[PDB]
Amino acid sequence: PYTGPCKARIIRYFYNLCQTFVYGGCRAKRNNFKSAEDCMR
Amino acid sequence: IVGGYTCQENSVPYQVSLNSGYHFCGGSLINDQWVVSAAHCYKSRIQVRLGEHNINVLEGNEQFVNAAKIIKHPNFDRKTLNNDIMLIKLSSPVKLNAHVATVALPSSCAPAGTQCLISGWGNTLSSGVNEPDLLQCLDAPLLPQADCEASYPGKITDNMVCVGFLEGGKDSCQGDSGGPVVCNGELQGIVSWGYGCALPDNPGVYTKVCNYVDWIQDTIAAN
Ligand SMILES: [Ca+2]
């Protein structure tokens with residue numbers, strides 16, 4: 001998971017299995033989904 | 001906020017929490033109907049919470065008002081974060097009191113070395129995660145632009161200013177974004193970005209509010 005340089009606190013999904021992490025709000029990577037379903041696909 | 005201290009109950013009355021189910025960013029009340037935050041904190045639906053101290057407990061002094069208009073700077077760049085500023089118009093004016101107050105816009109750009117106060121409900125750990133219940137405060141100086149540029153080679157524009165310590169230890173963090181940097185009673189900065197939190201040679205980068213006073217006033221008068 002890539003939080004990024006920004007300091008927002010946005011919960012996003014990433015694959016391990018599909019779990020949550022705090023996304024900073026900018027410059028997201030590919031392993032960053034808005035839902036678990038999209039993440040598991 | 002990493003390396004800070006819990007702010008004294010309602011000593012930071014202009015601080016607001018942006019909520020869309022959970023707290024995700026901070027902001028500052030500039031007048032009874034307008035909130036200023038960071039453009040990267042944008043969301044189509046936002047509820048503004050004022051008078052907060054413990055964001056996880058209903059204390060009785062909080063005001064909950066929904067955003068009616070959210071306006072980002074027309075020149076905001078999501079890649080470089082240049083012009084990371086946004087205005088929020090509230091659904092209705094708020095009630096100003098001891099717990100809820102406005103903060104003044106800058107009269108001029110504060111010089112390097114000026115001591116400021118940064119606040120927010122963001123992560124308190126440089127390594128790991130600890131979300132505070134209570135609002136955190138941090139006293140830190142405005143850094144010389146040359147040190148800012150040296151810390152982030154070719155990434156600093158004239159609309160950004162560095163605040164903090166080149167040695168790390170104290171810094172704003174995820175969840176602090178959009179929050180206030182107040183120096184001598186004036187809002188001079190908005191928490192924007194940085195590489196990690198409280199790491200040496202990488203102090204926080206903030207939006208230089210003094211470069212947007214006219215845009216702010218012009219937008220408020222037109223909306
Ligand atoms: Ca509360």
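Residue numbers begin at 1 in each chain, while the letters A, B, ... track the order of the sequences. All values below were derived from every heavy atom in this structure, side-chain atoms included, with hydrogens, water molecules and symmetry-related copies excluded.
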What do you reckon, is CZ of B:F64 surrounded by more than 12 foreign heavy atoms closer than 6.0 Å?
yes
Side-chain donor or acceptor of B:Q174 paired with backbone N/O of A:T3 under 3.5 Å
no
Does atom CG of A:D38 have more than 12 heavy-atom neighbours, drawn from other residues, nucleotides or ligands, at distances under 6.0 Å?
yes
With a 6.0 Å cut-off (strictly less than), is the heavy-atom count around NZ of B:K170, excluding the residue itself, greater than 12?
no
With chain A, which of B:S192, B:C25, B:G26 has the greatest number of heavy-atom pairs at distances under 4.5 Å?
B:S192
Interface check, chain A: of B:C41, B:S172, B:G122, most non-hydrogen pairs under 4.5 Å belong to B:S172
Nearest 0.5 Å, please: how far is NZ in A:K7 from SG in B:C197?
5.0 Å
State, yes or no, whether a side-chain contact exists between A:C26 and B:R78 at a heavy-atom distance under 4.5 Å.
no
Got more than 12 heavy atoms from elsewhere within 6.0 Å of NZ, B:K43?
yes
Among B:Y195, B:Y22, B:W121, which residue has the highest count of heavy-atom pairs closer than 4.5 Å to chain A?
B:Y22
Is there a side-chain contact between B:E131 and A:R9 (heavy atoms, below 4.5 Å)?
yes
For the atom pair CD1 (A:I10) and OG (B:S177), what is the distance rounded to the nearest 0.5 Å?
9.5 Å
